[PDB]
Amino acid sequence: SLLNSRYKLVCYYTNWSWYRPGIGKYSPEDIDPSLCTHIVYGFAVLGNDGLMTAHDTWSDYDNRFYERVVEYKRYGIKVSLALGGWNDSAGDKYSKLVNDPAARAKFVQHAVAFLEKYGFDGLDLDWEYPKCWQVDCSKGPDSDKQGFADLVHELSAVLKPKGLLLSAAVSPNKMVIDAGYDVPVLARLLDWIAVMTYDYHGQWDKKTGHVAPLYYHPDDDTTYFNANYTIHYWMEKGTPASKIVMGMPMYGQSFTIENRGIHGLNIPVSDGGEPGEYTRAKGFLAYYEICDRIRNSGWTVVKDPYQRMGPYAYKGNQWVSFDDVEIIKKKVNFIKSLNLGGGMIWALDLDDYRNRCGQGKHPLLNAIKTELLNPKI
């Protein structure tokens, strides 16, 4: 059992996965309670009054989604509510909050009351990102760093006496880490830090690359866009291994390549890949969309024999990079080797939970669980 093990497995749940057709629909009762130690509900948002508020009242309240995910506390799972996410991080509103002590003080007391009203065990902070708003370090002031650290302290000071958890999802990018995070403060006060060791590459690069490399590859533009560098950098900056949970993607980054005739890494790209029929987002495909393309549409798979990164797959002018069971096992052995706090997945509804691909239900998440529970390293 994961709950009796020395590791966390932090699973993100997404309310918007309900609005998908056919087998892509995911509801709270699709959560498999044997596969997670912690569930984090994405997302609540920052209202115009500076207070946390539900993003989707129809699902979260009227259809009782908050209650139906908090249900999983009955299995011993800790259920937190996440605030923010990529879309909610587009503007200045989190920066305005954290730079205003009076606004922080109002926010904190209301946020704890909100968590207690719905029965959540904690709050997960998902501002992407302090200073570097949506990765753009030119947008925010340097004082976002101190402001976020003070927000974390003020939340900790209310949550910890009530026995409530406080965590954050954080950037894997050296420049963002340096600009946005007072790492010693966060490492001391947070119960865990979920490092988002994915989205290192995507359509925005204008060339193909892997969503989530584990180790440096000789053709990389930088030495730091890989999970091994990122995790060691969080530790070098002052984070204890026990506080780190390493993110793993249940999806791939897709690309429209300029030329069907070359199809390797670092080749020119004109746009994101064509949207999947279930997830409906250019540049993104769920694992259950990728595995079907490979199994039933003849996409060609290229693996890295040194296992520095997972596979990519292509057909015509479409190309996608993603994690398979093999690289997941390697990544979990890496987690164990460094004695990290555990693993994290984005997100439950993107793995093949329906066994559309015939590899079993939840092939990626089950691979993580099995490797975490395996004593050998």
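Note that residue numbering begins at 1 and tracks the sequence as displayed.
Of the two stretches examined, 154-162 and 194-202, the record assigns the greater average C-alpha temperature factor to 154-162. The PDB entry reports B-factors from which the mean C-alpha value can be compared for 10-18 and 357-365; the larger average falls on 357-365. Taking only the listed residues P249, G84, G91, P240, the entry reports the highest CA temperature factor at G91.
Residues shown: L265, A149, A103, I77. Highest C-alpha temperature factor in the entry: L265. Ranked by C-alpha B-factor against the other modelled residues of its chain, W234 falls in the lowest third.
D144: CA B factor in the middle third of modelled residues in this chain (values from the PDB entry). Split the chain's modelled residues into thirds by C-alpha temperature factor. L123 is in the lowest one. Sort the chain's modelled residues by C-alpha temperature factor and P311 lands in the middle third, per the entry. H55 sits in the highest third of its chain by CA B factor, as recorded in the PDB entry.
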